[PDB]
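In: first chunk of the complex, coordinates as they sit in the assembly:
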Amino acid sequence: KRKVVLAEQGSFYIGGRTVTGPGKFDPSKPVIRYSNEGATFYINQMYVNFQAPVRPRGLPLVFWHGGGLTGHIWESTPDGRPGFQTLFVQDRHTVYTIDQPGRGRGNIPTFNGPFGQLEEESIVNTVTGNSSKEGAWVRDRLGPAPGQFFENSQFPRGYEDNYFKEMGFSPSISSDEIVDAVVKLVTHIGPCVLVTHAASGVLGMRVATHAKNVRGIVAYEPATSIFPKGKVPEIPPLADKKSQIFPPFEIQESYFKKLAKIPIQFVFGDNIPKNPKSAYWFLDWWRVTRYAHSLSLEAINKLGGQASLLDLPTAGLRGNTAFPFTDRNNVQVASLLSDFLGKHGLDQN
């Protein structure tokens, strides 16, 4: 269960750019306190960790955390059980886990001055946003309200502190620069599979349209849908009749068509309502967001694709949250991912 044999492991930085302050650096002058004068800063680089089994079988997997998270979520569950990193090294895949730019060991671009500001340039906004425990509780469908759990819960109850401690803010790095870093990683790795989550769902779809080395996508509970430009289908408002889901991302149809060349699976957990739910905003948000994703997958399929929606309850798994890969049944979730990889030969050399 817990044992793991690695041919090699390591980590590295990839992607990013540099920005500079004014003037010249004088090594005779006091270097502390730190100044922007004569300064070169590396910004928006990404952290990558890799673990390779002895004699891997099939393509490397790239696990890409959701919004406000880090590669921790693939390492261990909140109660300390093995994460997908261990499970899939054991399943003989090389496993990459990333901390995207702006998260965890990824770069947070700030300097000497107000957060995110390099002299007169605003690299990222000084004003931040961040979810609360309460917001995240309902966003991840632990239960309909903070403190409550759905009946069928696979959440590791008792480990709420561990769970919410893994979450944090993201600075306003452009999504283009996040996608760019992962495109560079995919170039470095070669043919691979992207395994995405929540906020990284739409970013992974974008990466695949720029990087033919992406041979497959599995997206756990993706947060933003994607459509060809000008072809977003009618999507209803939420039951409060005022709110909307996240504005779907629109890409040129020439790029969207690249999504029809690779197997794509979206995975949803449990307790997404079938009918409008005006008393529970994020439950209703998930209902309409999942609907929008079903239309996105249909558009990919109308273009020759191999896109599918897996609702874990239809596969016999009840009670999953929006983090199925750290829930109590995450070994059974992993088995369904192994099934997808096997079906498309992504577990074969």
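Out: Yep, that arrived. Numbering: from 1, shown residues only, chains lettered A, B, ... in the order given.
In: now residue A:82: how far from residue A:326?
Out: As for residue A:82, its distance to residue A:326 is 10 Å (criterion: CB to CB, to the nearest Å). The way it works is simple: take the backbone N, C-alpha and C, and place the C-beta from them, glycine included.
In: more neighbours: which of these two?
Out: Neighbour totals were compared for residue A:82 and residue A:326, and residue A:326 leads with 26 against 20 (other CB atoms under 10 Å).
In: quick check, that one in contact with residue A:162.
Out: No. Using CB atoms under 8 Å, residue A:326 makes no contact with residue A:162, being 10.0 Å away.
In: thinking again about what came up before, now do the shared contacts for residue A:82 and residue A:326.
Out: The contact sets of residue A:82 and residue A:326 overlap at residue A:76 (CB atoms under 8 Å, 6 or more residues apart in numbering).
In: show the contacting residues for residue A:11.
Out: A:47-50, A:105.
In: also residue A:82?
Out: Contacts of residue A:82 by CB under 8 Å, 6+ apart are A:1-2, A:76.
In: which residues do residue A:326 and residue A:162 both contact?
Out: With CB under 8 Å, 6+ apart as the test, residue A:326 and residue A:162 both reach residue A:78.
In: count the residues that sit near residue A:244.
Out: Residue A:244 has 11 nearby residues by other CB under 10 Å.
In: same question, residue A:140
Out: 22.
In: hmm, it is touching residue A:321, no?
Out: Yes. Counting by CB under 8 Å, residue A:321 is a contact partner of residue A:140 at 5.1 Å.
In: which residues touch residue A:99?
Out: A:46-47, A:65, A:70-71, A:105-106.
In: can you list the residues you listed in a markdown table and add secondary structure, distance to residue A:270 and neighbour count?
Out: Output for those, formatted as a markdown table (DSSP: H, G, I helix; E, B strand; the rest coil; distance: CB to CB, whole Å; neighbours: other CB atoms under 10 Å):
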| residue | secondary structure | distance to residue A:270 | neighbour count |
| --- | --- | --- | --- |
| A:46 | strand | 32 | 26 |
| A:47 | strand | 32 | 22 |
| A:65 | coil | 21 | 24 |
| A:70 | coil | 25 | 21 |
| A:71 | coil | 25 | 25 |
| A:105 | coil | 32 | 16 |
| A:106 | coil | 31 | 26 |
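In: which one of the residues you listed is nearest residue A:151?
Out: Distance to residue A:151, by CB to CB, is smallest for residue A:65 among the contacts of residue A:99, at 27.9 Å.
In: give the helix, strand or coil label for the spatially closest residue to the closest one that is not a sequence neighbour.
Out: Leaving aside its sequence neighbours, residue A:65 sits nearest to residue A:73 (CB to CB, 6 or more residues apart in numbering; 5.4 Å). At residue A:73, secondary structure determined by DSSP: H, G, I helix; E, B strand; the rest coil is helix.
In: go ahead and place chain B:
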Amino acid sequence: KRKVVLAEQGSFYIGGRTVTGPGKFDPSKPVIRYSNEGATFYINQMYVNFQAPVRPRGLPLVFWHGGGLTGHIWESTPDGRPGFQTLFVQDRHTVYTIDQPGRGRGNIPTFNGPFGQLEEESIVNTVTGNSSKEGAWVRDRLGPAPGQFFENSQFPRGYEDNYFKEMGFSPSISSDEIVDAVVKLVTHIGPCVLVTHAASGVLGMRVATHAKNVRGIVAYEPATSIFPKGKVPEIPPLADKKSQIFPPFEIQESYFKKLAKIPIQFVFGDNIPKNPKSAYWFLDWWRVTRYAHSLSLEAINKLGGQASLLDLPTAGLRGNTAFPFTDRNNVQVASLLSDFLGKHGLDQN
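Out: Chain B, in position alongside the others:
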């Protein structure tokens, strides 16, 4: 050289507190955009990773990154060679690596509003500080000026971008709360050895005085010296006759004397001048900082301690930077750490 057999691996969050916003949370109202209303935020928690070998021998090692760094620096060198994590799991030690609060996967305490501000409470400062590539080049003694290498340098040339990309800012989390998180980890772990670096040198000394489970300290190029309260010796200014080293940390003698109860080694690399060097501020800074540490160790030994200063050149290792554990000879550096552990029985069950 690279194969590793883990009995188990994983990661978890530990330490920290909570802060709360005003008001209450209504699950029926839009959760996004995120708001401080009814919000609970987990802040200042620390990320911990562990890798355990089969049949461990001796005490677990806790590797604690220097200032503006993360546990990455123990995983791999900038040119991709094994870091101390791999080397010491191979040396049959369980190995913990942390991202301290405010760094990497540790929490960065910010909310909805100007960086670090929770309504009118400033949790961390909105104005940040951060080294440049140029300041870090001379701080780490790659050479005397940015872009120039000492002839004898053990730095992995050609991987400068990779190296500097690992560095970043730290918010103004109080050092007390950083020490608190590690004390809690040490309580959770049991008897262990701290391996510290640069800015975590003084913090690790402080942890030892609060945590009898710390059975030894090895500090690579510690940045701040520590003395009993009111017994700071005379320390000269820098060669410019205007700058000072970091103000020594002072602790109550009853706490200081706990440092005499365990083996302590400070490790310094090469190219620290013996004589005043007015032209190169950080070289001179290291000359006086090393001298202050020599007096700190002497004060520990006058309390019955066993505190030593290891200059790597005297061991036949030339050219090390302020990150000896990621330099080209880091295997030989690791051998000297294994020697220390073995001399003191810390590699024995």
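In: with chain B now part of the structure, what is the answer for the contacts of residue A:99?
Out: Shown in contact with residue A:99 (CB atoms under 8 Å, 6 or more residues apart in numbering or on different chains): A:46-47, A:65, A:70-71, A:105-106, B:104-105.
In: let's go with 6 Å and repeat that
Out: A:47, A:70-71, A:105-106 (CB atoms under 6 Å, 6 or more residues apart in numbering or on different chains).
In: I figured residue A:30 hits residue B:243, correct?
Out: Yes. Between residue A:30 and residue B:243 there is a contact at 5.0 Å, judged by CB atoms under 6 Å.
In: now the closest residue to residue A:276 other than its chain neighbours: which helix or strand?
Out: Ranked by CB to CB, 6 or more residues apart in numbering or on different chains and with sequence neighbours excluded, the top spatial neighbour of residue A:276 is residue A:239, at 3.6 Å. Residue A:239 belongs to no helix or strand when assigned by DSSP states H and E.
In: just checking: what are the partner strands of the longest strand anywhere in chain A?
Out: Assignment by DSSP state E gives strand A:4-14 as the longest strand of chain A. Sheet partners assigned to strand A:4-14 using DSSP bridges are listed as strand A:46-53 (antiparallel), strand B:4-14 (antiparallel).
In: contacts for the first one?
Out: Outside strand A:46-53, the residues that touch it by CB under 6 Å, 6+ apart are A:6-12, A:14-15, A:71, A:89, A:92, A:94-101, A:105-106, A:181.
In: so which elements touch whichever helix or strand comes after that strand?
Out: Next helix or strand after strand A:46-53 toward the C-terminus (DSSP H and E): strand A:61-64. Under the contact criterion of 3 or more CB pairs under 6 Å, 6 or more residues apart in numbering or on different chains; DSSP states H and E, strand A:61-64 touches strand A:95-99, strand A:192-197.
In: and those as a markdown table, adding distance to residue B:281?
Out: Below are the helices and strands packed on strand A:61-64 laid out as a markdown table (distance: least, CB to CB, whole Å):
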| stretch | distance to residue B:281 |
| --- | --- |
| strand A:95-99 | 33 |
| strand A:192-197 | 46 |
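In: and the longest strand of chain A, how far from the chain's centre?
Out: Relative to its parent chain, strand A:4-14 has a centroid offset of 20 Å by CA atoms, centre = their mean, to the nearest Å.
In: what angle do it and strand A:95-99 make?
Out: 40 degrees (axes from the mean of the first three to the mean of the last three CA atoms, to 10 degrees).
In: next helix or strand past strand A:4-14?
Out: strand A:17-20.
In: what about that next one, near chain B?
Out: No. Applying CB under 6 Å from any CB of the partner chain, one finds strand A:17-20 separated from chain B by no less than 8.0 Å.
In: what comes into contact with the very next helix or strand once past that strand?
Out: Of the helices and strands lying after strand A:17-20 in sequence (DSSP H and E), the nearest is strand A:40-43. Outside strand A:40-43, the residues that touch it by CB under 6 Å, 6+ apart are A:16, A:18-20, A:107, A:109, B:132-133, B:164-165.
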